[PDB]
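# An overview of the molecular structure
What follows is each chain in one-letter form.
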Amino acid sequence: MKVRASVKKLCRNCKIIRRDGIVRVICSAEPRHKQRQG
Amino acid sequence: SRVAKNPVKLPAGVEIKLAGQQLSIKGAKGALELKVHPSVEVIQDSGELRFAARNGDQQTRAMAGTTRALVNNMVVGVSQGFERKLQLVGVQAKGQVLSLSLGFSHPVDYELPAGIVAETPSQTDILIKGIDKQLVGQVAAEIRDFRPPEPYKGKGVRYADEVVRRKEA
Amino acid sequence: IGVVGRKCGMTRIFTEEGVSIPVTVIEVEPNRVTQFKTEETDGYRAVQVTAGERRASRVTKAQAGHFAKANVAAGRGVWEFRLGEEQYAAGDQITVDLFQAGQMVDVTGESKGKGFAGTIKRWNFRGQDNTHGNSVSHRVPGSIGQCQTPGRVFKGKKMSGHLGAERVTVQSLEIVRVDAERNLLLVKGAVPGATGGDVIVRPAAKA
Amino acid sequence: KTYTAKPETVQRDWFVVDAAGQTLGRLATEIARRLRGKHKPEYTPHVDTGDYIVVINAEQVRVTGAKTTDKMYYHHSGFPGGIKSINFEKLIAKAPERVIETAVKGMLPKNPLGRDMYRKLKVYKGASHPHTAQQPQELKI
RNA sequence: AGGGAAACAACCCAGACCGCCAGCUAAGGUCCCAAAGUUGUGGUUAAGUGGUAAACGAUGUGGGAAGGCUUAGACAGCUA
RNA sequence: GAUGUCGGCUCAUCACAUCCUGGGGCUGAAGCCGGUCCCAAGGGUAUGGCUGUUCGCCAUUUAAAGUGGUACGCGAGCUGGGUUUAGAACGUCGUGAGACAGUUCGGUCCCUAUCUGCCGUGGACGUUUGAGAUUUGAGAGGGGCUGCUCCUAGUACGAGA
RNA sequence: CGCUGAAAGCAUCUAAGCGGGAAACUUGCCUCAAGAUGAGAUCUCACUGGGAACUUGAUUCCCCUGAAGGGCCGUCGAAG
């Protein structure tokens, strides 16, 4: 995870999810583009 | 298009029980599937099964779709034996308990509940068989966190696919 | 379940290999069941016992009638033992036989009354200096609290007074010897209290 | 001069509230209203002209929204650091009647009269109460 | 001075001659502490937001304008 | 018509922006190590040489020697080394009395606790007739740390180390 | 870190529904604890006499009777 105040889709495989009230990003390619809240 | 208006198309070997509020699915190769169908839901009958909502909400719009999905894999698991081929290192299957020594000093023994069953078709592999995909996927995940896949050389228990992120140092 | 005895002082045992094991010897005159408290009639499961010999003129009529329901003819004190699932009739006699050797055990008595201790003896405080200019206060506590926030002393502040006869349990003491012919437990180590104080010996809570 | 109720000749009744899916504070406000005696024309503010309230199913009481996992209950033990909390659902597992008592207690006055009115509230846990001799009748059916 | 803003010279309403177990209002209010709507109609809001707050970041949701992709068969998913 | 400094001692108490110990994610993380970021405040969290020191610099340890609030916590608990009244001296300034981005030796720390607080320990009354004993536990407090050698195994991993 | 899973034919730990998960939290361990005025519970013991006035939870007064037990006191304590 990577905690910001501004999560973005860093590449094309990134996907933004509201999970449990948190704006997370899941990446199917690289787990370094996983990022927590924003 | 949306999935709740896609009918179930159950085969002949699924003898259901309409009860008004909750569905009860019986059949051969597994049975006894009960599900408390929610309040915002319609369960009607024909030659095939199909679902519709009750009221103009965005909460029940997700619920009718998940109810069609739950009864889809519920019916097709009453019909067929839901599987998973987890590939690991060393599997001494013996009975209702599973025995595997994943690189520690102790071989951690894993027991299997009612429903599920695991087999030993090869040397490095586990095939699972169960009637609901919920518990099939749950016991596959419960095997998986015994040892997650190390990227570098590659050790642990995997899935059937190969999308494991490998790195070189 | 446990047993009630009195502390007869400490002794020693040499083993044959040559280690001296420190031993307190708990003399257990055999304990006599007076009630059996059942959850139906009392709310919980327990057993009352007695350990011997009060005078007749020191047993009151209420106490003598309680000791005469159970045909026990009974003595100093009455103690209680919470039970899980054990059945005792109200005349039974539990002895040292419920202990083997090995057999880790918890022993509770009343500690020796130190009278009114100071903060050095009661709470292991440091003394201030004895010579380097120090005025009258060489052994007193230091400050109590902080200045105006909070402007009062916090509760549970460690101060002085009565290191006394509180109940103390000493747990996981090994049983060296169960001597049932003259009714003795020999117990590895120290036990709270003076010689002849009442002491309660029941199996270990941390097993 | 106006009427004053006087504590010798006050009439009291016994009542059973069935808290089997009632909102917590909307139940508590009618309970506290009836403990003070606000529903009686003989209301005098310095005498308790209230009724005895029995509440039976006090773990079936219900909070709305997310107040079940939320809604902390606090108490300070008196020692430093000794703040202590419990949420709604672990309190309704531990002591279920304490919920519907600290709701009604906070809505009563902070007086010796509020204590005397709180003594007339008898909340219980199951579907029964040990008060069949006082013969309570059901309200807000 | 009084009433309101929990408490609060200077903020709001209002300027106390005295008595009344009379009425109507202002500010502010009307579930219980605590006087008065658990009032009515139509919505919004799921955070306890209300009941602390900025750059910026979010398929959170309501509304209103517009474009083209719109069955010769579109936006992601199977038979060269 | 007085709220008596800096430091040390003694005793603390809270926060968490976590120093150790615990749980994770990513990695330019092969492993021993790490880097960073989350979660976590339960318990722990040096002794000294120098200087009045806080700090700092060293010496040697530790698993670690956390950062802060509390009248820069704490003198009706102690000290009184520094600043610091009156004495004296040096350098400097001033004709001088004297003075100091200054140094230097010397130099009185009062209180028997009424009330709140806190640690103990009783006396009264009440608990619905009274009594001797034994109790349940709503609640509250304490406790909670950690190192090393070995045992699978010089194995898994790594060309090797 | 997830299973199943839609809204959004897919994918997604989540929106329903189910799991793992830390010295934190609640127990477990020790001690105090019914002044817990919500004053709880057990076992056992003790008391089984008349009359008058005035007001009839009835109180007051007189006579008799003072039990279970508690205390004062004494000899003391590894208790103070």
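The rules we used
- Residues numbered from 1 in each chain as written, not as in the entry; some residues may be left out.
- Chains lettered and ligands numbered in written order.
- Part of a larger assembly, values for the part shown.
- Heavy atoms only, no water.
- Residues with missing side-chain atoms left out of burial classes, pairs and counts.
- Helix = DSSP H or I, 4+ residues; strand = E, 2+ residues; numbered from the N terminus.
- Contact = heavy atoms within 4.5 Å.
- 1 Å grid on protein atoms, 1.4 Å probe; cavity = no way out; pocket = protein on both sides within 12 Å on 5 of 7 lines; lining within 4 Å.
- Points joined across faces, edges and corners; volume = space filled by probe spheres on them.
- Nonpolar A, V, L, I, M, F, W, Y, C, P; charged D, E, K, R; others polar.
- Patch = residues over 30% accessible without salt bridge, like charges linked within 9 Å, V, L, I, M, F, W, Y side chains within 5 Å.
- Areas by Shrake-Rupley, 256 points an atom, 1.4 Å probe, with all protein chains shown as cover.
- Salt bridge = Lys/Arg side-chain N within 4 Å of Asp/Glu carboxyl O.
- Buried < 20%, exposed > 50% of the residue type's maximum accessible area, 1.4 Å probe, protein only.
- Near = heavy atom within 4 Å.
- Polar contact = N/O pair within 3.5 Å; in protein donor to acceptor, adjacent residues only side chain to side chain.
- Disulfide = S-S within 2.5 Å.
- Pairing = 2+ DSSP bridges.
- UniProt positions renumbered as here; feature names shortened; annotations may be inferred.
- Axes fitted to C-alpha atoms, helices over the stretch in contact; angles between N-to-C directions.

Per the PDB record, this model was obtained through cryo-EM at a reported resolution of 2.82 Å.

A few words on the overall build of chain C. Secondary structure assignment for chain C yields three helices and 10 strands. Traced from its N-terminal end to its C-terminal end, chain C shows the element sequence β-β-β-α-β-α-β-β-β-α-β-β-β. A principal-axis box enclosing the C-alpha atoms of chain C has dimensions of 70 × 50 × 35 Å. In chain C, of all internal contacts separated by at least 6 residues, the share reaching a separation of at least 24 is 69%.

A few words now on the layout of surface pockets. Residues and elements named next belong to chain C. The space that makes up the largest pocket amounts to roughly 240 Å³. Forming the boundary of the largest pocket are 13 residues, of which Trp79, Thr108, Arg167, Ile200 and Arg202 lie nearest the centre. The set of elements that each furnish at least two residues to the lining of the largest pocket consists of β5 (79–82), β7 (102–110) and β10 (198–203). Residue classes in the lining of the largest pocket are distributed as five nonpolar, two polar and six charged.

Let's shift gears to a nonpolar patch on the surface. Residues and elements named next belong to chain C. A cluster of nonpolar side chains, namely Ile144, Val153 and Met159, defines an oily patch on the protein surface of about 240 Å² accessible area. Looking at where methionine 159 falls in the secondary structure, it is placed in the loop between α3 (119–123) and β8 (167–179). With a relative accessible area of 38%, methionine 159 lands in the partly exposed category.

Let us now look at the protein's contact with RNA strand G. Around RNA strand G, the structure places 53 residues, and the nearest of them are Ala62(B), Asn73(B), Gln134(B), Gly113(C) and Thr169(C). Looking at RNA strand G alone, sugar and phosphate atoms form 73% of those within 4 Å of the protein. Take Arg19(A): an N or O atom from its side chain is 2.6 Å from a phosphate oxygen of RNA strand G. It is helix α1 (residues 59–79) of chain B that contributes the most residues to the surface near RNA strand G, eight residues altogether. The class makeup of the residues in the surface near RNA strand G is 12 nonpolar, 20 polar and 21 charged.

A few words now on the state of the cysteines. All names here are of chain A. One pass over the full model with this rule turns up zero disulfides over all chains. Between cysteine 14, a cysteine without a disulfide, and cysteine 11, which holds the nearest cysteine sulfur, the sulfur-to-sulfur distance is 3.6 Å. The exposure class of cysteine 14 is buried, given its relative accessible area of 3%.

Below, the discussion takes up empty space enclosed by the protein. Residue and element names in this part refer to chain B. Quantified by volume, the largest cavity comes out at close to 30 Å³. Lining the largest cavity, in full, are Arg84, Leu86, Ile126, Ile128, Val139, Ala140 and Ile143. Broken down by secondary-structure element, the contributors of at least two residues to the lining of the largest cavity are β6 (82–87), β10 (125–130) and α2 (133–144). Sorting elements by how many residues they give to the lining of the largest cavity places α2 first, with three residues.

On to the pairing of β10(C), then. As paired elements, strand β1 (residues 3–14) of chain C and β10(C) share four bridges and run antiparallel to each other. Bridge assignment links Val4(C) to a residue of β10(C), and that residue is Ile200(C).

Moving on, we come to the protein's contact with RNA strand E. RNA strand E sits among 19 residues. The nearest are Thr29(D), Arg36(D), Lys38(D), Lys67(D) and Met107(D). Near the protein, meaning within 4 Å, the atoms of RNA strand E are sugar or phosphate in a fraction of 61%, with bases accounting for the rest. Interatomic distance of 2.8 Å between a backbone N/O atom of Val7(A) and a sugar or linking oxygen of RNA strand E. When residues of the surface near RNA strand E are assigned to their parent elements, the largest contribution, four residues, is made by helix α1 (residues 24–36) of chain D. A class-by-class count of the residues in the surface near RNA strand E yields nine nonpolar, four polar and six charged.

Residues and elements named next belong to chain C. Overall, antiparallel pairing links the four strands, which are arranged β5-β4-β3-β6 in an open sheet. Looking at which strands have only one partner, the edges of the open sheet turn out to be β5 and β6 (93–94). Across four bridges, strand β3 (residues 31–37) lies against strand β4 (residues 46–50) in antiparallel orientation. Looking at β4, one finds that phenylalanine 36 is bridged to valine 47.

Residues and elements named next belong to chain C. When the UniProt feature table is mapped onto this chain, "binding site: Mg(2+)" (unreviewed entry) is found at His138. Note on placement: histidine 138 falls in the loop between α3 and β8. Take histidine 138: its relative accessible area is 27%, and that puts it in the partly exposed class. Leaving out residues up to four positions away in the same chain, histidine 138 has contacts with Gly127, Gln128, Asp129 and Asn130. In this structure the side chain of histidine 138 is engaged in a polar contact, spanning 3.1 Å, whose partner is the backbone oxygen of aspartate 129.

In this structure, the amide linkage connecting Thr149(C) to the following residue, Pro150(C), adopts the cis form with an omega of 5°. Relative to the elements of secondary structure, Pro150(C) occurs in the loop between α3 and β8. You will see that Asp20(A), though not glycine, has its phi angle at about 60°, which is positive. Its location among the elements puts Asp20(A) in the loop between β1 (14–19) and β2 (22–27). The exposure class assigned to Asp20(A) is exposed, which follows from its relative accessible area of 78%. In this structure, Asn183(C) takes a positive phi of about 65° despite not being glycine.

Another aspect to go through is the sheet that holds β1(C). All names here are of chain C. Ordered by their spatial adjacency, six strands build a closed barrel running β1-β2-β9-β8-β7-β10, and the pairing between neighbours is antiparallel. For this sheet, the mean inter-axis angle between neighbouring strands, taken without regard to orientation, is 50°. Direction of pairing for β1 relative to strand β2 (residues 20–27): antiparallel, over a ladder of seven bridges. Within β2, the position partnered with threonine 11 by the bridge is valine 23.

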